[PDB]
Amino acid sequence: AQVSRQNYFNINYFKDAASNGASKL
Amino acid sequence: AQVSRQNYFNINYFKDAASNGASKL
Amino acid sequence: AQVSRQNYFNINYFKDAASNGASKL
Amino acid sequence: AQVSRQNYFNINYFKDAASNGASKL
Amino acid sequence: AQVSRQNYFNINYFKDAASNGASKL
Amino acid sequence: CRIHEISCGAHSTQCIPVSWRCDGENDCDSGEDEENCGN
Amino acid sequence: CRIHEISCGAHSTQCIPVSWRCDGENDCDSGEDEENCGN
Amino acid sequence: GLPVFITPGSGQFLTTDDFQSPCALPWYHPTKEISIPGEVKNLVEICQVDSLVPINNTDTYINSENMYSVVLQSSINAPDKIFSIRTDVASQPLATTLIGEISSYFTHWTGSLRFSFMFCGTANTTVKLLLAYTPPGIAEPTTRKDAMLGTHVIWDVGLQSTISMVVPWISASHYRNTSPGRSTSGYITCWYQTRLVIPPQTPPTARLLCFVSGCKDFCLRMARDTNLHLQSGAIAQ
Amino acid sequence: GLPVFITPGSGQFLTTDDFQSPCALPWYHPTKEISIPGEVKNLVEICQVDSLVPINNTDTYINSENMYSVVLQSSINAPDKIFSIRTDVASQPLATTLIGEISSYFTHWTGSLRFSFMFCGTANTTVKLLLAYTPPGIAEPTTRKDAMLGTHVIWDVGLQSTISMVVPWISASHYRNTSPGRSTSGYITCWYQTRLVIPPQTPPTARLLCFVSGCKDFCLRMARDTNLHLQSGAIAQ
Amino acid sequence: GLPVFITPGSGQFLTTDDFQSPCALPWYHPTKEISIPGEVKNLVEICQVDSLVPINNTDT
Amino acid sequence: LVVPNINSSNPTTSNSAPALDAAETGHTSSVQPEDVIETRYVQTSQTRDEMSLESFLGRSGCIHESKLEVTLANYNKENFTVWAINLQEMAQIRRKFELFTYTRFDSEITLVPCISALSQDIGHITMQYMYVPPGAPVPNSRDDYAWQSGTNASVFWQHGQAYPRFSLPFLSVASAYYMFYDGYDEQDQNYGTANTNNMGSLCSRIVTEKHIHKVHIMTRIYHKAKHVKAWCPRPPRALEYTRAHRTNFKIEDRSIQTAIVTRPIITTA
Amino acid sequence: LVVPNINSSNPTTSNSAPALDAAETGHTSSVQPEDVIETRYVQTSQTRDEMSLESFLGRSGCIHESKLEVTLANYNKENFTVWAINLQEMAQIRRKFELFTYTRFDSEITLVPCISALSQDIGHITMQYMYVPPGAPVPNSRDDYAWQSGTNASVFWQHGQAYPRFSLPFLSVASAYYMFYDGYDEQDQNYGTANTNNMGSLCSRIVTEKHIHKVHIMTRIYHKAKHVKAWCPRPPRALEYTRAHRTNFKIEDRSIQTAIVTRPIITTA
Amino acid sequence: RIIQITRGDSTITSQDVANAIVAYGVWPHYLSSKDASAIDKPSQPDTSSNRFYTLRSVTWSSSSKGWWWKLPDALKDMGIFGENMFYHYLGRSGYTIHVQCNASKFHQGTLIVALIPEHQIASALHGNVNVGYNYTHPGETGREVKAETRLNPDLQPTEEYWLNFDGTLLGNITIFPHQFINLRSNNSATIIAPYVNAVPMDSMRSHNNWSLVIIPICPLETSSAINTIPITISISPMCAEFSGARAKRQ
Ligand SMILES: CCCCCCCCCCCC(=O)O
Ligand SMILES: CCCCCCCCCCCC(=O)O
Ligand SMILES: [Ca+2]
Ligand SMILES: [Ca+2]
């Protein structure tokens, strides 16, 4: 899945909650 | 194929049983 | 998404405006 | 394309016969 | 896009003519 | 704790190389490595 | 600032190794590292 | 192996980056979150809060409340200046305030400011001041006339103690620097429109406080390290 | 880990590359762009502008306007040469001109050039010149005959001061080098078709300026470092 | 970062390899090709041509 | 995340006074530009994205510098470190988080090794970092069994390996970390955040077996917060920090020094 | 992005003269080949892609060389640098951008470290680069707290790590950067681009703790512009640059030297 | 071939000209509700300011080398436009510039009239030296090319016209909005310029968006009795706007 900001892709490669990148708002 | 935990992708890149990551429950 | 020039793919891997490659015309 | 063994993906990244991985049976 | 030779994938990652790999015949 | 190089400005404990000999920074605990210099 | 190697062509400041001794390039501020050479 | 290619910048460590990273505690299950009143989502929420301005910052009062209030005299019959200050959010003496301190965490700012004043004299004490904002590009105003020619507000004390007035954002560019140089965003002078007045048997002086906050307008950007706080030499554990 | 493979060239730094690269200022929001008249999208926009040619580059006039004009004599009754110059855009004295300087930033060029001339004598002063372009492959023309056998224009001064003429692009290859060697792209000689003429009581001399610009045709390629500007030893901060 | 894995052979330089590689001259536009008689596509085209044999190769 | 725009206003002359209010309430007088000045009409672009908590604490900073001095002789009996985990030790960071009463978040830890050479060469160095939770056995010798790490989480760094890094889920046995804490012990002692924020300890130890070069390992620790939430803002700090888990500020024979600058007179700034 | 082709023309003999015009207007006489010579018909291929602004300033060049000399003794009190940020310091680049009055763009910064060895060995070096915005506290010692970087953006480089690099959004508080600026201070002083282009400063500092080898770190800085726009072209520069943010050119006892070559006579080139 | 311009209560005419040129091709106009930052109602003096203001004529002779005025400034004393300019902090405007200069069918010369944005001059000295405010704000008078020492002269802009006063070569001066006055042809130039600058509005005092330049590229020769003609400059602001009103500054 890819989105818009202030497009680009980004799936979480890691099996765990914390490993994810920064949140959205 | 990608799933939910405690989403993310993960296919086994290796041709063998053991090489796979950790199991599920 | 991939295009034609003077084909090839290119998605922006980064979450920010500036990080993107060179513009088009 | 991805298959079953003793699933997983595997496309040949190389333009030549020999470069391919091990055969199947 | 992927083809047959003497299958495999290959997209040009580069934005320019010359950067491409070897031609076909 | 000699080998003609490393040597603390103290009778005991470990040793400090020659680079910090009257340099301005205090290296050996005793503070003798910086005592009576200014030639 | 000795150790038989590094040594500025000056009475004070830091020190310049032996490689720039009468080589043509001026290294120590005083300019004495290049003074009276040509043997 | 999928043919790849290394990139200029690789393997570097950037304090502001944003990447994924394996976890050291697989299968851990965070404690369930709960109902914590008063949450926070964006710093601006704060800047919108009135904090008190250390108006009186003379070596005299310096470390007591008295630095936070001002004194009005019943014996001054005339257009006299009372106090003034630069505007630039991260300037003196604003910098120590809520909004201020925070602004001090960024580099650029923009918006309108909300200055409020509260009179503390007696209930029968009355006055008429004049809060005024003089747009940059000139010099601090020396006379009342010279001052009121700009944006102002004739505030009359009566029942409601407070009165808020605004310092419109009036710059050339859209944003301005938190930390100014020799530049300014104007000043707020304050004068005697009439005269403090009292009846018989009353304190001839009255206090005047001052708060500040940002408007719906206000906004910051460019994260940088605050300058209003340091650490000289280690902290004990 | 997805099996990958490193590539010849990896980790190198190329001044002309083009890759993505994390940002040091996450969430920054550029100041909104605005209405700035006269924008620019492509250097060619410039080359299409007439700039003045330093025709008169003799050690004499060298650092004054007078290098930009030429002088015509009322006392010359005959087919006399007036001036000439090589064509190659990045040559002398063109190189110092708008188009020139820019061409000097690339390696190959191609297109037609637009040379304009403006007569400055008196209003009753009249003449008839002859701008001529002699295609490379030979030598500068010594006589008028020898010259006009090529592409030319008999310009007659009358009311409209100007007159533009063109140097067709006439090469063997499609493109040519900005910086030539011993090679050329022809010359532009200029002669007296008739004779400068005046009435009684008038300056016996007149000035003649010269501009240059590229045509719809014109075009450059191969980015390289200009040669018409250097830096010998550091710059003060 | 997408978890990857390095491969035996990586970073080597092979005179016969075949990979992509950034270009040093972005936006350059090759001179248009043209009508050059007698082209060539495959060496065999040549071997199919009669050449003379140095039959008499005596020191003489 | 946008900011409203500013509407055009007109010369009012009403019986209602929005400018006049009363701060005694404890509310921030809600007055806007328009209400006080014939204003223009502006289409603001400005964005508050950056001012989000996630953008604020969303930056990595340093929280600790662990210097280890290698000692030839008694190798296996020293050459190892320990550390009471916490953010309380480094102003910069601490000041920020100490901007809210409670906070919740996951953490991105990043390491930065520096080998200061003491002999002519360094050889081959290899460190190990183990996370020892409260209750787990602390190491006591460069060769203690604990470094087997049958369960604790350790990360190995060798020379020439890029900075290591890893992620950490919100620990604590509560809904959030306590930035402050007006409470005590079950033995009425230790007033302070120390009363709770016991995350255990972080230890390292050079792995490379007994060798020839005396050297110094200096590993700095950086920390970025992720997925954040925070409650009850507090006024920011004003004086140098002195000790961990305590607010104390009075220092050994030195004046109470703020950041507020002084001036000659108030009728000129 | 193409160029029109050239149409075939024919021997005109008309009453209208397109060749004849008047440059007094300030317009560039719009005359084309055809109008002046029985011409051919050509199908031009040529492309102006390369001549785009994005292709021009779209190349990385150097803007600064920051040399740092390590000094054993007083280690923590020096061995660090500072730098007033700007493009004004390196002809090559500067000349280009100084080709337009105003410009807007994002930037790609790339670093290039070089360790000049002074002892027989280098050991293990590790640099740090911090971006300190105007208003932020400048470092003053290889050990100043500022290097904690709780918010500023720093990037670490160690030996054997590939060149670092990062991207930067269009800064400034305006719509574009000022290449020139006929204005002054609020205190009628400092005529010049210096009046505005205050981007802060860039600092570095060797991280590796006190050690044994004297060495020299030379880090060059490269910069490529991206996503560009520019307005009001200006005539290019003609004389060596002397000082930043000023046009000045007269130099200490030396002639005014252009690039225009001289010749003997104008009737032979 | 003719022309008639009207502005405020003023009107210029010119029996013979080279059809006026528009700066960068964008007619002036007021400030867009979408760009502005100034959040207060701008004042638009209108006809009382957007009129034609005529300067102080300078003299051109067989030896003059050039001149120049900076804009705004130059107008700082011209009525309301002038006043307003100081009474406010922020100002915005574009103008129409008509440079007149008649002569005779028996003369010859040629002037280059160029309007330049952000014209940053250079002092004529070596080493750390700048230019003094006072010298780049002459007023309706302008700055002439005089070769003969000045005062506290190390804050003096160079006197090297041929280098456009900045390290560029006159001759590429054309890259800017400009016209030519060539006695044998026209007798007046005309430029209309919009507001150019990287921000909505700027301070009328501390910055000159423009800068008019006039350089005789062609010696003013003649055989007539009058061997010195004057050159006059008339300017008219358009769509004037001021913000942040307060006291008048000195
Ligand atoms: C293994 C690396 C250790 C990093 C631990 C981060 C925990 C932060 C919890 C805050 C406790 C405090 O108030 O100091
Ligand atoms: C941290 C790396 C610093 C690079 C900063 C690029 C900013 C360019 C702005 C132009 C200002 C000038 O005119 O010199
Ligand atoms: Ca010592
Ligand atoms: Ca030397």
# chains A, B, ... in the order shown; residues from 1 in each chain; ligands from 1
$ residues_near_ligand --ligand "ligand 4" --cutoff "7 Å" --atoms "only C-alpha atoms and all ligand atoms" --output "MDAnalysis selection string"
chainID G and resid 20:28 33:34
$ write_last_selection --atoms "N, CA and C atoms" --output "compact mmCIF listing (two decimals), in the first residue's frame"
# COMPACT_ATOMS: atom_id res chain seq x y z
N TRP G 20 57.92 17.50 5.78
CA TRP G 20 57.87 18.85 5.25
C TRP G 20 59.05 19.60 5.84
N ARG G 21 60.26 19.12 5.55
CA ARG G 21 61.44 19.83 6.02
C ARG G 21 62.16 20.20 4.74
N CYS G 22 62.20 21.50 4.45
CA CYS G 22 62.85 21.99 3.24
C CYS G 22 62.32 21.24 2.00
N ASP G 23 60.99 21.20 1.86
CA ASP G 23 60.35 20.52 0.74
C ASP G 23 59.79 21.48 -0.31
N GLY G 24 59.57 22.74 0.06
CA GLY G 24 59.03 23.70 -0.89
C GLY G 24 57.68 24.25 -0.48
N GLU G 25 57.01 23.51 0.38
CA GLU G 25 55.71 23.93 0.87
C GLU G 25 56.00 24.45 2.27
N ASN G 26 55.30 25.50 2.68
CA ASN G 26 55.49 26.09 3.99
C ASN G 26 54.48 25.48 4.93
N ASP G 27 54.97 24.87 6.00
CA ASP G 27 54.07 24.25 6.95
C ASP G 27 54.00 25.00 8.28
N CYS G 28 55.11 25.23 8.99
CA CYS G 28 54.98 25.97 10.27
C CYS G 28 54.78 27.48 9.95
N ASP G 33 60.70 26.62 8.71
CA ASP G 33 60.85 25.23 8.28
C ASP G 33 61.46 25.17 6.87
N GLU G 34 61.36 26.30 6.16
CA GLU G 34 61.87 26.45 4.79
C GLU G 34 63.03 27.47 4.67
$ residues_near_ligand --ligand "ligand 1" --cutoff "7 Å" --atoms "only C-alpha atoms and all ligand atoms" --output "JSON, numbers by chain"
{"K": [85, 86, 87, 88, 107, 109, 131, 177, 178, 179, 193, 197, 199, 202]}
$ write_last_selection --atoms "N, CA and C atoms" --output "CSV table (one decimal), in the first residue's frame"
chain,number,residue,atom,x,y,z
K,85,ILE,N,19.5,2.0,33.5
K,85,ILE,CA,18.8,2.6,32.3
K,85,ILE,C,17.8,3.7,32.7
K,86,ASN,N,17.8,4.7,31.8
K,86,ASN,CA,16.9,5.9,32.0
K,86,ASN,C,17.3,7.1,31.1
K,87,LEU,N,16.4,8.0,30.9
K,87,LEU,CA,16.6,9.1,30.1
K,87,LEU,C,17.1,10.3,30.9
K,88,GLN,N,16.9,10.2,32.2
K,88,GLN,CA,17.2,11.3,33.2
K,88,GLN,C,18.6,11.8,33.1
K,107,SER,N,10.6,2.6,21.3
K,107,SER,CA,11.9,3.2,21.1
K,107,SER,C,12.8,2.6,20.1
K,109,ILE,N,16.6,2.3,19.4
K,109,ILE,CA,17.9,2.6,20.0
K,109,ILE,C,19.0,2.4,18.9
K,131,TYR,N,21.1,-6.9,27.3
K,131,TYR,CA,20.0,-6.2,28.0
K,131,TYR,C,19.6,-7.1,29.2
K,177,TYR,N,4.9,5.8,30.9
K,177,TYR,CA,6.0,6.0,31.7
K,177,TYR,C,5.8,7.3,32.5
K,178,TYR,N,6.3,7.2,33.8
K,178,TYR,CA,6.2,8.4,34.6
K,178,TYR,C,7.3,9.3,34.5
K,179,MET,N,7.0,10.6,34.0
K,179,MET,CA,8.1,11.5,33.9
K,179,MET,C,8.4,12.1,35.2
K,193,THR,N,10.9,9.5,40.8
K,193,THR,CA,10.7,8.7,39.6
K,193,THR,C,11.5,7.4,39.8
K,197,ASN,N,10.6,3.8,37.5
K,197,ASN,CA,11.4,3.7,36.3
K,197,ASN,C,12.6,2.8,36.4
K,199,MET,N,14.1,-0.1,34.7
K,199,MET,CA,14.1,-0.8,33.5
K,199,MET,C,15.1,-1.9,33.4
K,202,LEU,N,22.0,-2.0,31.3
K,202,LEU,CA,22.6,-2.4,30.0
K,202,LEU,C,24.1,-2.6,30.2
$ interface_residues --of "chain J" --to "chain I" --cutoff "12 Å" --atoms "only C-alpha atoms" --output "VMD selection string"
chain J and resid 1 to 34
$ residues_around --residues "residue D:7" --least-positions-apart "5" --cutoff "12 Å" --atoms "only C-alpha atoms" --output "list in words"
residues 1, 10, 11, 12, 13, 14, 15, 16, 17, 19 and 20 of chain B; 1 and 2 of chain D
$ write_last_selection --atoms "N, CA, C and O atoms" --output "short mmCIF file (atom, residue, chain, number, x, y, z; two decimals), in the first residue's frame"
data_model
loop_
_atom_site.label_atom_id
_atom_site.label_comp_id
_atom_site.auth_asym_id
_atom_site.auth_seq_id
_atom_site.Cartn_x
_atom_site.Cartn_y
_atom_site.Cartn_z
N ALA B 1 2.22 -13.32 0.15
CA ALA B 1 1.16 -13.27 1.16
C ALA B 1 1.55 -12.50 2.45
O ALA B 1 2.66 -12.67 2.99
N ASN B 10 5.69 -11.39 3.71
CA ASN B 10 6.69 -12.42 4.02
C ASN B 10 6.52 -13.69 3.19
O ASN B 10 5.61 -14.50 3.39
N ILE B 11 7.39 -13.85 2.22
CA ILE B 11 7.38 -15.05 1.41
C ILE B 11 8.70 -15.67 1.76
O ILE B 11 9.62 -14.98 2.20
N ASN B 12 8.79 -16.98 1.61
CA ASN B 12 10.02 -17.68 1.93
C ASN B 12 10.85 -17.63 0.68
O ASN B 12 10.40 -18.05 -0.38
N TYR B 13 12.06 -17.10 0.79
CA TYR B 13 12.91 -16.97 -0.37
C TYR B 13 13.67 -18.24 -0.61
O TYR B 13 14.26 -18.44 -1.66
N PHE B 14 13.64 -19.11 0.38
CA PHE B 14 14.39 -20.34 0.26
C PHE B 14 13.66 -21.58 -0.10
O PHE B 14 12.57 -21.87 0.37
N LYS B 15 14.34 -22.35 -0.93
CA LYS B 15 13.82 -23.59 -1.44
C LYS B 15 13.64 -24.71 -0.43
O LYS B 15 13.11 -25.76 -0.77
N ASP B 16 14.03 -24.51 0.83
CA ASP B 16 13.89 -25.58 1.82
C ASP B 16 13.10 -25.36 3.10
O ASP B 16 12.98 -24.26 3.61
N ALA B 17 12.58 -26.46 3.62
CA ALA B 17 11.78 -26.43 4.83
C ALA B 17 12.38 -25.60 5.96
O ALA B 17 11.84 -24.58 6.34
N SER B 19 14.93 -23.48 6.31
CA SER B 19 15.28 -22.08 6.14
C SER B 19 14.21 -21.08 6.55
O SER B 19 14.53 -19.94 6.88
N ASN B 20 12.95 -21.49 6.54
CA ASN B 20 11.86 -20.58 6.89
C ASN B 20 12.01 -19.93 8.25
O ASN B 20 12.70 -20.44 9.13
N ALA D 1 6.95 -16.69 -10.56
CA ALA D 1 6.33 -17.98 -10.24
C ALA D 1 6.91 -18.66 -8.97
O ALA D 1 8.14 -18.70 -8.77
N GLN D 2 6.03 -19.19 -8.11
CA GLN D 2 6.45 -19.86 -6.88
C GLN D 2 5.79 -21.23 -6.64
O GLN D 2 4.59 -21.39 -6.91
#
$ closest_residue --among "L:138, L:225, L:114, L:51" --to "ligand 2" --atoms "only C-alpha atoms and all ligand atoms"
L:225
$ atom_distance --atom1 "atom CA of residue H:76" --atom2 "atom CA of residue H:206"
12.7 Å
$ atom_distance --atom1 "atom CA of residue I:106" --atom2 "atom CA of residue I:56"
26.1 Å
$ atom_distance --atom1 "atom CA of residue M:198" --atom2 "atom CA of residue M:42"
18.8 Å
$ interface_residues --of "chain K" --to "chain F" --cutoff "10 Å" --atoms "only C-alpha atoms" --output "VMD selection string"
chain K and resid 71 to 72 118 to 119 214
$ select_by_dssp --residues "chain D" --states "strand (DSSP E)" --output "count of residues only"
4
$ interface_residues --of "chain L" --to "chain I" --cutoff "7 Å" --atoms "only C-alpha atoms" --output "compact mmCIF listing (two decimals) with N, CA and C atoms, in the first residue's frame"
# COMPACT_ATOMS: atom_id res chain seq x y z
N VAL L 3 12.34 20.96 -31.03
CA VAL L 3 12.67 22.13 -31.81
C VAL L 3 11.94 22.00 -33.12
N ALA L 19 12.95 41.53 -42.61
CA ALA L 19 14.35 41.65 -42.21
C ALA L 19 14.59 42.99 -41.53
N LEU L 20 13.99 44.03 -42.09
CA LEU L 20 14.12 45.37 -41.54
C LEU L 20 13.20 45.58 -40.35
N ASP L 21 13.79 46.01 -39.23
CA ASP L 21 13.04 46.29 -38.01
C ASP L 21 13.70 47.45 -37.23
N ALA L 22 13.53 47.45 -35.91
CA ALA L 22 14.10 48.48 -35.03
C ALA L 22 14.35 47.91 -33.62
N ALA L 23 15.63 47.76 -33.25
CA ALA L 23 15.97 47.22 -31.94
C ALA L 23 15.70 48.19 -30.80
N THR L 28 13.62 41.32 -29.59
CA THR L 28 14.58 40.62 -30.41
C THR L 28 13.98 40.29 -31.77
N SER L 29 14.32 41.11 -32.76
CA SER L 29 13.83 40.96 -34.13
C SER L 29 13.55 39.49 -34.44
N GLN L 32 13.57 34.58 -39.20
CA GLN L 32 14.04 33.22 -39.30
C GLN L 32 14.66 32.94 -40.63
N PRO L 33 15.59 32.00 -40.65
CA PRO L 33 16.30 31.59 -41.85
C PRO L 33 15.51 31.78 -43.13
N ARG L 48 16.02 19.94 -26.64
CA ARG L 48 16.49 20.88 -25.64
C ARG L 48 16.40 20.35 -24.23
N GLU L 50 18.36 18.68 -22.34
CA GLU L 50 19.53 19.02 -21.58
C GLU L 50 19.61 20.46 -21.13
N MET L 51 19.10 21.37 -21.94
CA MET L 51 19.17 22.77 -21.59
C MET L 51 18.13 23.20 -20.56
N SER L 52 17.47 22.24 -19.92
CA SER L 52 16.46 22.59 -18.94
C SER L 52 17.14 23.02 -17.67
N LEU L 53 16.47 23.85 -16.88
CA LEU L 53 17.07 24.28 -15.64
C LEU L 53 17.41 23.07 -14.83
N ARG L 59 23.27 19.27 -11.52
CA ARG L 59 24.54 18.58 -11.33
C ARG L 59 25.20 19.01 -10.02
N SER L 60 25.77 18.04 -9.34
CA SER L 60 26.42 18.27 -8.06
C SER L 60 27.80 18.84 -8.28
N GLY L 61 28.13 19.84 -7.47
CA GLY L 61 29.43 20.49 -7.53
C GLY L 61 29.90 20.75 -6.11
N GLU L 89 30.90 30.93 -1.76
CA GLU L 89 32.34 30.68 -1.66
C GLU L 89 33.09 29.85 -2.70
N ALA L 91 33.26 30.08 -6.82
CA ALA L 91 33.13 30.39 -8.24
C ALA L 91 32.29 29.41 -9.05
N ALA L 153 19.88 18.20 13.27
CA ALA L 153 20.12 17.03 12.46
C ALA L 153 21.58 16.77 12.26
N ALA L 162 30.88 4.30 3.27
CA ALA L 162 30.76 5.04 2.02
C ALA L 162 30.30 6.48 2.27
N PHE L 166 22.56 13.37 2.13
CA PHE L 166 21.22 13.59 2.60
C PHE L 166 20.54 14.68 1.79
N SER L 167 19.21 14.76 1.90
CA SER L 167 18.44 15.75 1.15
C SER L 167 17.91 16.87 2.01
N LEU L 168 17.78 18.04 1.40
CA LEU L 168 17.29 19.19 2.11
C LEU L 168 16.24 19.99 1.41
N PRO L 169 15.12 20.22 2.08
CA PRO L 169 14.00 20.99 1.55
C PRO L 169 14.34 22.46 1.44
N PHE L 170 13.71 23.13 0.50
CA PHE L 170 13.93 24.55 0.29
C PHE L 170 13.71 25.29 1.60
N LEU L 171 14.77 25.84 2.17
CA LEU L 171 14.69 26.55 3.44
C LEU L 171 14.03 27.90 3.27
N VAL L 173 12.61 31.83 4.41
CA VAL L 173 11.29 32.23 4.85
C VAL L 173 10.62 33.01 3.75
N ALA L 174 11.09 32.83 2.53
CA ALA L 174 10.51 33.54 1.41
C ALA L 174 10.07 32.58 0.35
N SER L 175 9.71 33.12 -0.81
CA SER L 175 9.29 32.27 -1.89
C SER L 175 10.50 31.74 -2.60
N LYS L 229 13.26 26.11 -10.14
CA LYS L 229 12.61 27.23 -10.77
C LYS L 229 13.49 28.43 -10.55
N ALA L 230 13.51 29.34 -11.52
CA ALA L 230 14.33 30.53 -11.41
C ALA L 230 13.74 31.70 -12.18
N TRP L 231 13.98 32.91 -11.69
CA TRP L 231 13.44 34.09 -12.33
C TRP L 231 14.41 35.21 -12.64
N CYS L 232 14.07 35.99 -13.66
CA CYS L 232 14.86 37.13 -14.09
C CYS L 232 16.30 36.78 -14.25
N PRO L 235 23.05 39.09 -16.47
CA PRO L 235 24.20 38.78 -17.31
C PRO L 235 25.16 38.03 -16.41
N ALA L 238 31.92 38.30 -14.82
CA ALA L 238 33.05 38.51 -15.73
C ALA L 238 34.45 38.53 -15.10
N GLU L 240 37.05 37.53 -11.51
CA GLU L 240 37.21 36.65 -10.36
C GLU L 240 36.39 37.16 -9.19
N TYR L 241 35.86 36.24 -8.40
CA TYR L 241 35.09 36.66 -7.26
C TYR L 241 36.09 36.98 -6.16
N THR L 242 35.77 37.95 -5.31
CA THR L 242 36.65 38.33 -4.21
C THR L 242 36.06 38.00 -2.84
N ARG L 243 34.86 38.48 -2.57
CA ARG L 243 34.24 38.24 -1.28
C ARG L 243 32.77 37.81 -1.33
N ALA L 244 32.38 37.03 -0.34
CA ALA L 244 31.03 36.52 -0.24
C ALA L 244 30.00 37.61 -0.03
N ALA L 259 37.84 38.63 -19.78
CA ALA L 259 38.11 37.36 -20.44
C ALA L 259 38.13 37.63 -21.93
N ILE L 260 37.86 38.88 -22.28
CA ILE L 260 37.84 39.31 -23.66
C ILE L 260 39.26 39.40 -24.18
N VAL L 261 39.58 38.63 -25.21
CA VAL L 261 40.92 38.67 -25.79
C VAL L 261 41.04 39.84 -26.74
N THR L 262 42.26 40.34 -26.89
CA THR L 262 42.51 41.47 -27.77
C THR L 262 43.06 41.03 -29.11
N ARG L 263 42.98 41.93 -30.08
CA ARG L 263 43.52 41.64 -31.39
C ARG L 263 44.22 42.88 -31.93
N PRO L 264 45.03 42.70 -32.97
CA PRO L 264 45.79 43.76 -33.64
C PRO L 264 44.90 44.73 -34.39
N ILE L 265 44.06 44.17 -35.25
CA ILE L 265 43.17 44.95 -36.07
C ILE L 265 41.81 44.23 -36.26
N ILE L 266 40.74 45.00 -36.48
CA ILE L 266 39.41 44.44 -36.67
C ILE L 266 39.09 43.93 -38.06
N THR L 267 39.98 44.13 -39.02
CA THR L 267 39.72 43.63 -40.36
C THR L 267 40.52 42.35 -40.60
N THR L 268 40.46 41.47 -39.60
CA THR L 268 41.13 40.17 -39.60
C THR L 268 40.96 39.61 -38.20
N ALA L 269 40.28 38.47 -38.07
CA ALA L 269 40.08 37.85 -36.75
C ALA L 269 40.66 36.44 -36.63
$ closest_atom_pairs --of "chain M" --to "chain H" --cutoff "8 Å" --atoms "only C-alpha atoms" --output "JSON lines"
{"residue": "M:37", "atom": "CA", "partner": "H:174", "partner_atom": "CA", "distance": 5.6}
{"residue": "M:38", "atom": "CA", "partner": "H:170", "partner_atom": "CA", "distance": 5.0}
{"residue": "M:39", "atom": "CA", "partner": "H:170", "partner_atom": "CA", "distance": 6.2}
{"residue": "M:40", "atom": "CA", "partner": "H:170", "partner_atom": "CA", "distance": 7.5}
{"residue": "M:89", "atom": "CA", "partner": "H:137", "partner_atom": "CA", "distance": 5.5}
{"residue": "M:90", "atom": "CA", "partner": "H:172", "partner_atom": "CA", "distance": 7.1}
{"residue": "M:199", "atom": "CA", "partner": "H:173", "partner_atom": "CA", "distance": 5.9}
{"residue": "M:200", "atom": "CA", "partner": "H:172", "partner_atom": "CA", "distance": 6.8}
{"residue": "M:201", "atom": "CA", "partner": "H:172", "partner_atom": "CA", "distance": 5.6}
{"residue": "M:202", "atom": "CA", "partner": "H:172", "partner_atom": "CA", "distance": 5.4}
{"residue": "M:203", "atom": "CA", "partner": "H:137", "partner_atom": "CA", "distance": 7.5}
{"residue": "M:244", "atom": "CA", "partner": "H:135", "partner_atom": "CA", "distance": 6.0}
{"residue": "M:245", "atom": "CA", "partner": "H:150", "partner_atom": "CA", "distance": 5.8}
{"residue": "M:246", "atom": "CA", "partner": "H:150", "partner_atom": "CA", "distance": 4.1}
{"residue": "M:247", "atom": "CA", "partner": "H:149", "partner_atom": "CA", "distance": 5.6}
{"residue": "M:249", "atom": "CA", "partner": "H:138", "partner_atom": "CA", "distance": 6.3}
$ interface_residues --of "chain C" --to "chain E" --cutoff "9 Å" --atoms "only C-alpha atoms" --output "ChimeraX atom specification"
/C:3-10
